[PDB]
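S.K.: One structure follows; several queries about it will come next.
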Amino acid sequence: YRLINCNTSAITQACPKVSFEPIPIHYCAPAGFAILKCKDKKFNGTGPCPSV
Amino acid sequence: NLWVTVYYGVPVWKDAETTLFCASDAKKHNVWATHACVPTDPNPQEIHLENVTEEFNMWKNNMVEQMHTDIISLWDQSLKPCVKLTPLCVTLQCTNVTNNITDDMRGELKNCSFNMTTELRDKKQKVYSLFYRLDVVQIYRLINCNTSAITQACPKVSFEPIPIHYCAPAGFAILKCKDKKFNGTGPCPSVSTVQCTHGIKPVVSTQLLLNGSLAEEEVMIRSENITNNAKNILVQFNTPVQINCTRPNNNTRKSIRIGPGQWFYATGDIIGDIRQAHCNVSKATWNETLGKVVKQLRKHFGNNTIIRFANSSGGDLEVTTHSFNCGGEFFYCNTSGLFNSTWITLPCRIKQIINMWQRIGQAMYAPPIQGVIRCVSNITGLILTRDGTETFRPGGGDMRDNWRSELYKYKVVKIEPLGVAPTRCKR
Amino acid sequence: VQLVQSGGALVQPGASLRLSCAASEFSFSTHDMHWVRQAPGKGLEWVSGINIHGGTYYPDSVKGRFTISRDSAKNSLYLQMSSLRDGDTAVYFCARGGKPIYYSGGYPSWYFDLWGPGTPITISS
Amino acid sequence: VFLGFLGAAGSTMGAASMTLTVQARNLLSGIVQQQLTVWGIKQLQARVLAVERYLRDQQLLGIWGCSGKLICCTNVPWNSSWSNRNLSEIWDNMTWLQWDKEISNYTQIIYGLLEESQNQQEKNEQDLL
Amino acid sequence: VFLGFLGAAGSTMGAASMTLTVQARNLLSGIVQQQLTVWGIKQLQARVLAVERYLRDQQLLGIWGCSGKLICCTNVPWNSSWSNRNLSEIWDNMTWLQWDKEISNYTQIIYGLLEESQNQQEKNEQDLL
Amino acid sequence: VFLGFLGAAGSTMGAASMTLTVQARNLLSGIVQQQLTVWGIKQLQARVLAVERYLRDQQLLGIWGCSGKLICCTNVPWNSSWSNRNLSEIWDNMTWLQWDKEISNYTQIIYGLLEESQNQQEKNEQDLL
Amino acid sequence: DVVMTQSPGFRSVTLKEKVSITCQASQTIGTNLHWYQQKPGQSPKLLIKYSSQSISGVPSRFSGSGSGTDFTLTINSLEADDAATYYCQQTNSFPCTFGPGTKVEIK
Ligand SMILES: *[C@@H]1O[C@H](CO)[C@@H](O[C@@H]2O[C@H](CO)[C@@H](O[C@@H]3O[C@H](CO)[C@@H](O)[C@H](O[C@H]4O[C@H](CO)[C@@H](O)[C@H](O)[C@@H]4O[C@H]4O[C@H](CO)[C@@H](O)[C@H](O)[C@@H]4O)[C@@H]3O)[C@H](O)[C@H]2NC(C)=O)[C@H](O)[C@H]1NC(C)=O
Ligand SMILES: *[C@@H]1O[C@H](CO)[C@@H](O[C@@H]2O[C@H](CO)[C@@H](O[C@@H]3O[C@H](CO[C@H]4O[C@H](CO)[C@@H](O)[C@H](O)[C@@H]4O)[C@@H](O)[C@H](O[C@H]4O[C@H](CO)[C@@H](O)[C@H](O)[C@@H]4O)[C@@H]3O)[C@H](O)[C@H]2NC(C)=O)[C@H](O)[C@H]1NC(C)=O
Ligand SMILES: *[C@@H]1O[C@H](CO)[C@@H](O[C@@H]2O[C@H](CO)[C@@H](O)[C@H](O)[C@H]2NC(C)=O)[C@H](O)[C@H]1NC(C)=O
Ligand SMILES: *[C@@H]1O[C@H](CO)[C@@H](O[C@@H]2O[C@H](CO)[C@@H](O)[C@H](O)[C@H]2NC(C)=O)[C@H](O)[C@H]1NC(C)=O
Ligand SMILES: *[C@@H]1O[C@H](CO)[C@@H](O[C@@H]2O[C@H](CO)[C@@H](O)[C@H](O)[C@H]2NC(C)=O)[C@H](O)[C@H]1NC(C)=O
Ligand SMILES: *[C@@H]1O[C@H](CO)[C@@H](O[C@@H]2O[C@H](CO)[C@@H](O)[C@H](O)[C@H]2NC(C)=O)[C@H](O)[C@H]1NC(C)=O
Ligand SMILES: *[C@@H]1O[C@H](CO)[C@@H](O[C@@H]2O[C@H](CO)[C@@H](O)[C@H](O)[C@H]2NC(C)=O)[C@H](O)[C@H]1NC(C)=O
Ligand SMILES: *[C@@H]1O[C@H](CO)[C@@H](O[C@@H]2O[C@H](CO)[C@@H](O)[C@H](O)[C@H]2NC(C)=O)[C@H](O)[C@H]1NC(C)=O
Ligand SMILES: *[C@@H]1O[C@H](CO)[C@@H](O[C@@H]2O[C@H](CO)[C@@H](O)[C@H](O)[C@H]2NC(C)=O)[C@H](O)[C@H]1NC(C)=O
Ligand SMILES: *[C@@H]1O[C@H](CO)[C@@H](O[C@@H]2O[C@H](CO)[C@@H](O)[C@H](O)[C@H]2NC(C)=O)[C@H](O)[C@H]1NC(C)=O
Ligand SMILES: *[C@@H]1O[C@H](CO)[C@@H](O[C@@H]2O[C@H](CO)[C@@H](O)[C@H](O)[C@H]2NC(C)=O)[C@H](O)[C@H]1NC(C)=O
Ligand SMILES: *[C@@H]1O[C@H](CO)[C@@H](O[C@@H]2O[C@H](CO)[C@@H](O)[C@H](O)[C@H]2NC(C)=O)[C@H](O)[C@H]1NC(C)=O
Ligand SMILES: *[C@@H]1O[C@H](CO)[C@@H](O[C@@H]2O[C@H](CO)[C@@H](O)[C@H](O)[C@H]2NC(C)=O)[C@H](O)[C@H]1NC(C)=O
Ligand SMILES: *[C@@H]1O[C@H](CO)[C@@H](O)[C@H](O)[C@H]1NC(C)=O
Ligand SMILES: *[C@@H]1O[C@H](CO)[C@@H](O)[C@H](O)[C@H]1NC(C)=O
Ligand SMILES: *[C@@H]1O[C@H](CO)[C@@H](O)[C@H](O)[C@H]1NC(C)=O
Ligand SMILES: *[C@@H]1O[C@H](CO)[C@@H](O)[C@H](O)[C@H]1NC(C)=O
Ligand SMILES: *[C@@H]1O[C@H](CO)[C@@H](O)[C@H](O)[C@H]1NC(C)=O
Ligand SMILES: *[C@@H]1O[C@H](CO)[C@@H](O)[C@H](O)[C@H]1NC(C)=O
Ligand SMILES: *[C@@H]1O[C@H](CO)[C@@H](O)[C@H](O)[C@H]1NC(C)=O
Ligand SMILES: *[C@@H]1O[C@H](CO)[C@@H](O)[C@H](O)[C@H]1NC(C)=O
Ligand SMILES: *[C@@H]1O[C@H](CO)[C@@H](O)[C@H](O)[C@H]1NC(C)=O
Ligand SMILES: *[C@@H]1O[C@H](CO)[C@@H](O)[C@H](O)[C@H]1NC(C)=O
Ligand SMILES: *[C@@H]1O[C@H](CO)[C@@H](O)[C@H](O)[C@H]1NC(C)=O
Ligand SMILES: *[C@@H]1O[C@H](CO)[C@@H](O)[C@H](O)[C@H]1NC(C)=O
Ligand SMILES: *[C@@H]1O[C@H](CO)[C@@H](O)[C@H](O)[C@H]1NC(C)=O
């Protein structure tokens, strides 16, 4: 037998102290920019949004 | 009863050394393609200046050093993340190729076998490739094995001679000299200011300058010092001459797995008869350009002085031959048949391990190329040295002079908009 | 609107001559003005020009022999030529520089919107 | 905006002074401002330095009380030792390049005397209320 | 300072003009300005670009002779070809978003005419002494 | 230009106010501005941040209608709750360091009232034409 | 210098034909090319500016385009009144220059 990816590419080992926990990340605008949030109820993803 | 008045936006400048930025041609892994400069095009930003005679000196132009510095940096960045052929620095068992080989190719091709690694770290494989003698040493071994690391150029990376334009950063401007028959230094009575330069192709060659610009009227001959035999002389033709170079011997390559995600490209057997690489020059135009050069050399050396052209004597390939790069293959052609005259078939050799800039090795290992190569270039210039009747020979120099020969028309200065003068106005 | 021009002339080689134009229904003070000449069998060679601030431009083919000037008070333009040659035989014209696409200061656009009728000069023995 | 720029330098200081905005409008944006950190970092460095140069000149004008406008009267008298030419001689026969060389020796002296705007501001407060 | 900002856009140009500082005070600091070169380099690049944008607008106002204040009278007449509405019609019934679209076609023309401040400065020197 | 700088701090606010340009002239250039991306990147980051700090203060002065000059009268009355000293007492017996501490509590309040310059600009347009 | 050429030397055309002539530069001039016409005994007139811009006073049947080193002038439907020698001028690089002209004869 063989490891299945041996003939294709390099294999590593994830660092044991590194944990990719799904921590929520927030995003903000840089200066000169602003973010518009659509509050339209039952918005289907496109077009005019009367409440922003 | 005069007063100090401060003026802002004053059109004055001083010489300065700054970084110039490149610009791209729009219209895709052709080196410059990754390290894109962002496309420009509608930028004929040229303004004629009246009077303001200014001086230029092409041998003191710092732009040359930048071109050298960044092209070499980019070369390494493009080729760094490739294979690293550690496993090929092994003993070779070589024999002669016994196929239908002409006389001019005897001893040129070796058939060598060796023990190569595999993707599975338990086993070895028997692999063979053809090699050219210039890259192989009899103890056999690869010739650079005992000196430094060898890699394999990435097969999808192509260092095409794409013209690059340069532009000033804010606060700077470029002065272009339009003086006809300018010899490279001193006052230039006709100058314009530009945003950017024209494009220059990053062509690296020896002896003859290919695919550059042409002189406007006369063949120009210039050097830092005309009478210094320790200096290289730059000759720019007003007429292009074509050179036709070919590489015969239709071939293929083999993709050999050498490790877990690593591949080596081997040279396969030649299809058909085996012949040497060579270049064609039209004798009629070669004779004309040398005569034109002599007519101009006589201006400084005497028109009653016999001028002879002679061979590029020196100690190595990078010194004595004409270096070309076509199809990704590196050629070292014999020009002794050109510089033979007192006032055309040129055989040629090839290599895969190229040092380029000496340093420590680099050894990109030009991969084998399948099929055949046909390449036609424009001879636009020549570099000569004199030995002192006088004799000239193909000269030397770094790639720096393959930039200087085009960069000589441009200089960069720093804008200094604030200053004072007396007026009759008091606050 | 037009450029009113003087009549033609015959002079000997080495002679000097002054040409002039005038602004009909406009001010010269608002435009860059140029002179061109049309030799028989030729197109229009630019000869000289003056900007709105009095700065000037000349070809090397006439520089040192030709001088351009303006007097806005009378809406007139002048071209003063010295040491004329037979080779300078041409129809001389004044032309009003065409409006530029974006402000340049006293730097001409080098194309023309308004052309005068033409004033021939013959230089011969 | 190379519609016109340093071509002003071909004429006299007087004439050139009528087109000062022609150069000012071309001082903040190089080609890299119109548009693997290797190599690309140089563009970032250049943009930053261009900003610094601009601001240093603006700060100097601010300090002198000359922030705003192209031409600023200072209320500082011109020294007779700085040059010996008729006022009209320099404005009609000299270019700015020539002038800058002629009085280069006094650059720091002149600027040091523009500190007088500070005394003027103190006087103005006292009599302003 | 999102105490108030682009909400001004919900009303007319006239009304919005009374709160211009509300937006100006929010133009120089993004979240990264309040607060391994990999990834982090982007924050550096963004801060630099924000500065460049700010300065370019300030430079333009400087050139026009409108540096300082929120509202600048130019002494350049409005062209009849640019719009055909009563002055009060645009100030009371239009928003700034609508207005910007309506006269977008003349942006460069209008700015080019603001170069006239240079002629005004030359005239002012001559009659000022 | 350490010919003189923060030594002004040794005296009273009144005296110190006569040398404000002494510090202003030293705010835009650190040693790195007079003069392998590893380590060197820090110099680039520092230059950028210095620029940002400078501009933020200039923007604030712009908003208040105090851009230009060292001393700006605001037309906003001083509150009796902010301090209880004779005007001459603070100018002759206090230093700026002491003063800054004494009224630190009112920094935001005072700045918020400098928004009044916006109302002044609207009034000025209406009566200016 | 910018050397400008024109081709053909002259063109033989007939009425209501859609026609064209071209101009070339020895070096790129961007889009800084202008078209002029002249009739015998007449002063010059400018018809097209900056490669493709129209000019008031020029009939809509005249148009053209180009960039770099290659430019074209065309007439949608040739009129008798269009007989003229047509010329190109470049304003990209000082000295300003012009081509030899193409004569258009109408039959
Ligand atoms: C002076 O100027 C002249 C003129 O420009 C230069 O010579 C030209 O050089 C180019 C490049 O060498 C050459 O163009 C090639 O023409 C071939 C004709 O068939 C093409 O096949 C070839 O394209 C392949 O190679 C390219 C290399 O980067 C690839 O990018 C391209 O996608 C093609 O490769 C694909 O297809 C092959 C098929 O087998 C495949 O194996 C590859 O993996 C890939 O899939 C080029 O288009 C011009 O024809 C040359 N012209 C002349 C007159 O020689 C000259 O080199 C310049 N001199 C100097 C000193 O710079
Ligand atoms: C590049 O280098 C060239 C070469 O030196 C410069 O060209 C010279 O520029 C100067 C400055 O403009 C020119 O001098 C001017 O000449 C005008 C000609 O007037 C003639 O006609 C009147 C009619 O009554 C006569 O009285 C007079 O004597 C002449 O015969 C003058 O009118 C100008 O003077 C005006 O301004 C001065 C300012 O103080 C006033 O005092 C005067 O009263 C008057 O208003 C001035 O003398 C010179 O002729 C140019 N030479 C040529 C060959 O053109 C270029 O200027 C320089 N660069 C650029 C960009 O131009
Ligand atoms: C590595 O080996 C595996 C095993 O042979 C290769 O994957 C097989 O490819 C064949 C092709 O027809 C398929 O029929 C098999 O089902 C595949 N195996 C599996 C487990 O799916 C794989 O492609 C090899 N990788 C490389 C780079 O050669
Ligand atoms: C959200 O709902 C709206 C309303 O039905 C959709 O808008 C229609 O989209 C079609 C797409 O061609 C148009 O032809 C109609 O004219 C649109 N209606 C109106 C009133 O304009 C919209 O596409 C929906 N979006 C999604 C993502 O579903
Ligand atoms: C280089 O040597 C190899 C090894 O002998 C040659 O390949 C052999 O060619 C014979 C021809 O009939 C075959 O039967 C063998 O099976 C081949 N061996 C291998 C390992 O492929 C190869 O042709 C030689 N190349 C040259 C140019 O001489
Ligand atoms: C690969 O390695 C093997 C092992 O060293 C080489 O073959 C040996 O050659 C020596 C020479 O005297 C013999 O004594 C051994 O018995 C050989 N071993 C075997 C297994 O045959 C082999 O030649 C190497 N191959 C290449 C291509 O270099
Ligand atoms: C690698 O080996 C080669 C071969 O021996 C060395 O180059 C030789 O150096 C001797 C020194 O006198 C010369 O005479 C030979 O002509 C050289 N060989 C060739 C092919 O030119 C080379 O220097 C060695 N490299 C290192 C790092 O030791
Ligand atoms: C270009 O031509 C000029 C004119 O001959 C050369 O200028 C001379 O250079 C020598 C060098 O010592 C001086 O002694 C002469 O006085 C210079 N002549 C003048 C008129 O000043 C210039 O060196 C040439 N440059 C090149 C690169 O050949
Ligand atoms: C150009 O080269 C010539 C020749 O080498 C230089 O002239 C020589 O200068 C050295 C300096 O000590 C003298 O000893 C030689 O006698 C000079 N040779 C002659 C023939 O006079 C010349 O100086 C170089 N030009 C420059 C500018 O350095
Ligand atoms: C240079 O030109 C010669 C002459 O055409 C080329 O060699 C010829 O190649 C053809 C091909 O079938 C032969 O029939 C001729 O007999 C050859 N002539 C000679 C004199 O050998 C030559 O290959 C060309 N070289 C290059 C680099 O293009
Ligand atoms: C090109 O090939 C020729 C082949 O003859 C080489 O000629 C030799 O040149 C040296 C130069 O001094 C002479 O000493 C030899 O006697 C020449 N050989 C013969 C057989 O006469 C020439 O050097 C080669 N040039 C290059 C650049 O490779
Ligand atoms: C350089 O030129 C000489 C002179 O023409 C060449 O030598 C001649 O070669 C022909 C070839 O048949 C002989 O017949 C002549 O007798 C030779 N002349 C002499 C003086 O020996 C020489 O081969 C040329 N060199 C190169 C590299 O082409
Ligand atoms: C050498 O330079 C000449 C001059 O530019 C090239 O020939 C021209 O190529 C352009 C390309 O569109 C053609 O339009 C011109 O008509 C060509 N001129 C001539 C006289 O044919 C030539 O192709 C270049 N040669 C090489 C090998 O690069
Ligand atoms: C190839 O043949 C040449 C002929 O002299 C000989 O010198 C050389 O050693 C041979 N090489 C091999 C590997 O057999
Ligand atoms: C190069 O090839 C072209 C192909 O037509 C040919 O015309 C030209 O003469 C050749 N050049 C030389 C030097 O033989
Ligand atoms: C070289 O040609 C020039 C041309 O005028 C001439 O004056 C000079 O004397 C000639 N020199 C010799 C050595 O014949
Ligand atoms: C090389 O030989 C193969 C054999 O079939 C042929 O298909 C291929 O086209 C040849 N290549 C060249 C460049 O002649
Ligand atoms: C000029 O310098 C001299 C030097 O002693 C000085 O006395 C004089 O007051 C200075 N000022 C002026 C305007 O001349
Ligand atoms: C003013 O001009 C005259 C002209 O000759 C000159 O003699 C006098 O010295 C000038 N004044 C100055 C300060 O140069
Ligand atoms: C001061 O004047 C002297 C006079 O020769 C000059 O050499 C020196 O460079 C001048 N300094 C400056 C700043 O111009
Ligand atoms: C408006 O544009 C027209 C276009 O011809 C122009 O004539 C007029 O002077 C311009 N200015 C104003 C304020 O109407
Ligand atoms: C002013 O308002 C009236 C209202 O109907 C309108 O008819 C008139 O055209 C308006 N003026 C302009 C410039 O629109
Ligand atoms: C100019 O007006 C036309 C009218 O349809 C419009 O399409 C075009 O986008 C306008 N240009 C600008 C800058 O708004
Ligand atoms: C000071 O604060 C008090 C708090 O009520 C306020 O009533 C008064 O108007 C404020 N202003 C001044 C200048 O005292
Ligand atoms: C003014 O100074 C006198 C000195 O004793 C003091 O009593 C009085 O309260 C002071 N006024 C203020 C506002 O402190
Ligand atoms: C406000 O005053 C209190 C009084 O003790 C003090 O502790 C607090 O730090 C002050 N806030 C500021 C901003 O100075």
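Letters A, B, ... go to the chains of the structure tokens in the order shown; residues in each chain start at 1; ligands are counted from 1 in the same order.
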Grab me every residue within 10 Å of ligand 23, counting only C-alpha atoms and all ligand atoms, and send it over as a PyMOL selection string.

M.R.: chain E and resi 100-108

S.K.: Just the residues within 10 Å of residue 47 in chain E, please, counting only C-alpha atoms, with nothing from its chain fewer than 4 positions along; format it as a PDB file with N, CA, C and O atoms, in the first residue's frame.

M.R.:
ATOM      1  N   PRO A  30     -12.892  51.427   5.040  1.00  0.00           N
ATOM      2  CA  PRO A  30     -11.743  52.292   5.097  1.00  0.00           C
ATOM      3  C   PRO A  30     -12.229  53.719   4.944  1.00  0.00           C
ATOM      4  O   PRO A  30     -13.331  53.944   4.439  1.00  0.00           O
ATOM      5  N   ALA A  31     -11.412  54.682   5.312  1.00  0.00           N
ATOM      6  CA  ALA A  31     -11.822  56.062   5.136  1.00  0.00           C
ATOM      7  C   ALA A  31     -12.100  56.344   3.670  1.00  0.00           C
ATOM      8  O   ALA A  31     -11.387  55.865   2.785  1.00  0.00           O
TER       9      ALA A  31
ATOM     10  N   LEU E  28     -11.362  61.198   7.181  1.00  0.00           N
ATOM     11  CA  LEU E  28      -9.948  60.839   7.357  1.00  0.00           C
ATOM     12  C   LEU E  28      -9.624  59.604   8.170  1.00  0.00           C
ATOM     13  O   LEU E  28      -8.452  59.240   8.234  1.00  0.00           O
ATOM     14  N   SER E  29     -10.590  58.979   8.834  1.00  0.00           N
ATOM     15  CA  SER E  29     -10.217  57.833   9.654  1.00  0.00           C
ATOM     16  C   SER E  29     -11.139  56.623   9.513  1.00  0.00           C
ATOM     17  O   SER E  29     -12.310  56.654   9.904  1.00  0.00           O
ATOM     18  N   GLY E  30     -10.595  55.546   8.949  1.00  0.00           N
ATOM     19  CA  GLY E  30     -11.334  54.307   8.758  1.00  0.00           C
ATOM     20  C   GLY E  30     -11.157  53.491  10.017  1.00  0.00           C
ATOM     21  O   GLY E  30     -10.512  53.947  10.958  1.00  0.00           O
ATOM     22  N   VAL E  32      -9.190  51.099  10.605  1.00  0.00           N
ATOM     23  CA  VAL E  32      -7.766  50.817  10.711  1.00  0.00           C
ATOM     24  C   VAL E  32      -6.962  52.022  11.200  1.00  0.00           C
ATOM     25  O   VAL E  32      -5.763  51.919  11.467  1.00  0.00           O
ATOM     26  N   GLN E  33      -7.589  53.193  11.221  1.00  0.00           N
ATOM     27  CA  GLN E  33      -6.931  54.400  11.674  1.00  0.00           C
ATOM     28  C   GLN E  33      -7.293  54.734  13.115  1.00  0.00           C
ATOM     29  O   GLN E  33      -6.760  55.684  13.692  1.00  0.00           O
ATOM     30  N   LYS E  42      -1.948  45.106   3.631  1.00  0.00           N
ATOM     31  CA  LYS E  42      -3.103  45.727   3.035  1.00  0.00           C
ATOM     32  C   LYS E  42      -3.597  46.905   3.847  1.00  0.00           C
ATOM     33  O   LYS E  42      -4.168  47.841   3.281  1.00  0.00           O
ATOM     34  N   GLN E  43      -3.442  46.857   5.176  1.00  0.00           N
ATOM     35  CA  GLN E  43      -3.917  47.950   5.995  1.00  0.00           C
ATOM     36  C   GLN E  43      -3.026  49.143   5.736  1.00  0.00           C
ATOM     37  O   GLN E  43      -3.501  50.277   5.644  1.00  0.00           O
ATOM     38  N   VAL E  51      -5.117  58.786   2.324  1.00  0.00           N
ATOM     39  CA  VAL E  51      -4.467  60.070   2.409  1.00  0.00           C
ATOM     40  C   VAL E  51      -4.362  60.706   1.057  1.00  0.00           C
ATOM     41  O   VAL E  51      -4.630  61.904   0.917  1.00  0.00           O
ATOM     42  N   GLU E  52      -3.983  59.928   0.059  1.00  0.00           N
ATOM     43  CA  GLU E  52      -3.839  60.505  -1.250  1.00  0.00           C
ATOM     44  C   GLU E  52      -5.158  61.066  -1.756  1.00  0.00           C
ATOM     45  O   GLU E  52      -5.181  62.163  -2.322  1.00  0.00           O
TER      46      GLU E  52
ATOM     47  N   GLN F  45       6.186  52.409   7.721  1.00  0.00           N
ATOM     48  CA  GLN F  45       4.970  52.522   8.494  1.00  0.00           C
ATOM     49  C   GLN F  45       4.974  53.786   9.333  1.00  0.00           C
ATOM     50  O   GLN F  45       3.961  54.488   9.414  1.00  0.00           O
ATOM     51  N   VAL F  48       4.198  56.984   7.322  1.00  0.00           N
ATOM     52  CA  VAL F  48       2.799  57.096   6.969  1.00  0.00           C
ATOM     53  C   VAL F  48       1.979  57.570   8.143  1.00  0.00           C
ATOM     54  O   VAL F  48       1.118  58.440   7.985  1.00  0.00           O
ATOM     55  N   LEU F  49       2.229  57.007   9.311  1.00  0.00           N
ATOM     56  CA  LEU F  49       1.461  57.393  10.466  1.00  0.00           C
ATOM     57  C   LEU F  49       1.710  58.839  10.844  1.00  0.00           C
ATOM     58  O   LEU F  49       0.785  59.526  11.289  1.00  0.00           O
ATOM     59  N   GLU F  52      -0.500  60.883   8.766  1.00  0.00           N
ATOM     60  CA  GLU F  52      -1.883  60.837   9.155  1.00  0.00           C
ATOM     61  C   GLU F  52      -2.149  61.722  10.362  1.00  0.00           C
ATOM     62  O   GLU F  52      -3.155  62.437  10.391  1.00  0.00           O
TER      63      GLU F  52
END

S.K.: So which residues are near ligand 17, meaning at most 8 Å away with only C-alpha atoms and all ligand atoms counted, given back as a PyMOL selection string?

M.R.: chain B and resi 250-252+271-272+370-373

S.K.: Using only C-alpha atoms, which of the listed residues (D:15, D:1, D:72, D:7) sits closest to residue 91 in chain D?

M.R.: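 Smallest distance to residue 91 in chain D is found for D:15.
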
S.K.: Residues at most 7 Å from ligand 7, using only C-alpha atoms and all ligand atoms? Could they come as a ChimeraX atom specification?

M.R.: /B:137,143-144,146-147

S.K.: Using the selection just defined, write its residues with C-alpha atoms as a compact mmCIF listing (two decimals), in the first residue's frame.

M.R.:
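selection.txt, freshly written:
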# COMPACT_ATOMS: atom_id res chain seq x y z
CA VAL B 137 32.15 17.07 -17.62
CA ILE B 143 29.38 20.39 -15.19
CA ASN B 144 27.92 22.63 -12.45
CA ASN B 146 30.39 20.60 -7.94
CA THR B 147 29.75 24.28 -7.78

S.K.: Do a neighbour search on range 67-69 of chain C at 7 Å with only C-alpha atoms, toss out local chain neighbours closer than 2 positions, and write the hits as a ChimeraX atom specification.

M.R.: /C:48-50,65,77-81

S.K.: Using only C-alpha atoms and all ligand atoms, which residues of the polymer chains come no farther than 6 Å from ligand 9? I'd like the answer as a list in words.

M.R.: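 Those residues are residues 225, 227 and 228 of chain B.
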
S.K.: Select from chain F everything DSSP, run on the backbone, classes as alpha helix (DSSP H), then give the selection as a PyMOL selection string.

M.R.: chain F and resi 13-16+21-24+41-64+87-93+96-102+107-112+117-128

S.K.: Would you list the residues that come within 10 Å of ligand 13? Count only C-alpha atoms and all ligand atoms and give the answer as a PDB file with C-alpha atoms, in the first residue's frame.

M.R.:
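Writing done, so here's part-v3.pdb:
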ATOM      1  CA  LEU B 210      19.307  43.239 -31.541  1.00  0.00           C
ATOM      2  CA  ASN B 211      15.811  44.646 -31.935  1.00  0.00           C
ATOM      3  CA  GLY B 212      16.610  48.148 -30.668  1.00  0.00           C
ATOM      4  CA  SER B 213      16.005  51.531 -32.214  1.00  0.00           C
ATOM      5  CA  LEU B 214      17.678  52.776 -35.379  1.00  0.00           C
ATOM      6  CA  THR B 239      19.746  50.711 -41.325  1.00  0.00           C
ATOM      7  CA  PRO B 240      18.564  47.395 -39.796  1.00  0.00           C
ATOM      8  CA  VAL B 241      20.118  44.122 -40.914  1.00  0.00           C
ATOM      9  CA  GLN B 242      18.297  40.836 -40.588  1.00  0.00           C
ATOM     10  CA  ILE B 243      19.880  37.756 -39.073  1.00  0.00           C
ATOM     11  CA  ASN B 244      18.246  34.374 -39.471  1.00  0.00           C
ATOM     12  CA  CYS B 375      14.142  33.021 -35.160  1.00  0.00           C
ATOM     13  CA  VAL B 376      14.842  36.195 -37.121  1.00  0.00           C
ATOM     14  CA  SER B 377      16.225  39.298 -35.482  1.00  0.00           C
ATOM     15  CA  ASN B 378      17.008  42.875 -36.399  1.00  0.00           C
ATOM     16  CA  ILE B 379      20.596  43.885 -35.976  1.00  0.00           C
ATOM     17  CA  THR B 380      20.378  47.473 -34.817  1.00  0.00           C
TER      18      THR B 380
ATOM     19  CA  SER G  26       7.011  57.256 -39.220  1.00  0.00           C
ATOM     20  CA  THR G  69       0.872  55.434 -37.090  1.00  0.00           C
TER      21      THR G  69
END

S.K.: Can you pull out every residue with an atom within 12 Å of ligand 10? Use only C-alpha atoms and all ligand atoms and format it as a list in words.

M.R.: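 Those within range of ligand 10 are residues 242, 243, 244, 245, 246, 247, 248, 275, 276, 277, 278, 279, 280, 281, 282, 283, 333, 344, 345, 346, 347, 348, 373, 374, 375, 376 and 377 of chain B.
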
S.K.: Show which residues sit within 12 Å of range 40-45 of chain G, as a ChimeraX atom specification. Count only C-alpha atoms, and ignore same-chain residues fewer than 6 positions away.

M.R.: /C:2-3,36-38,40-41,43-44,91-96,98,111-120 /G:34,55-58,83-88,103

S.K.: Once you count only C-alpha atoms and all ligand atoms, which residues end up within 6 Å of ligand 5, and could you hand them over as a short mmCIF file (atom, residue, chain, number, x, y, z; two decimals) with N, CA, C and O atoms, in the first residue's frame?

M.R.:
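Saved as result-v4.cif:
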data_model
loop_
_atom_site.label_atom_id
_atom_site.label_comp_id
_atom_site.auth_asym_id
_atom_site.auth_seq_id
_atom_site.Cartn_x
_atom_site.Cartn_y
_atom_site.Cartn_z
N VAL B 97 26.23 9.40 -29.12
CA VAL B 97 25.07 9.15 -29.96
C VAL B 97 25.63 8.67 -31.31
O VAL B 97 26.52 9.30 -31.87
N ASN B 111 24.66 10.40 -24.78
CA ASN B 111 23.53 9.63 -24.27
C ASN B 111 23.87 9.12 -22.88
O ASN B 111 24.71 8.24 -22.72
N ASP B 269 15.09 11.35 -28.17
CA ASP B 269 15.88 11.08 -29.36
C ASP B 269 15.52 12.04 -30.48
O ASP B 269 14.36 12.42 -30.61
#
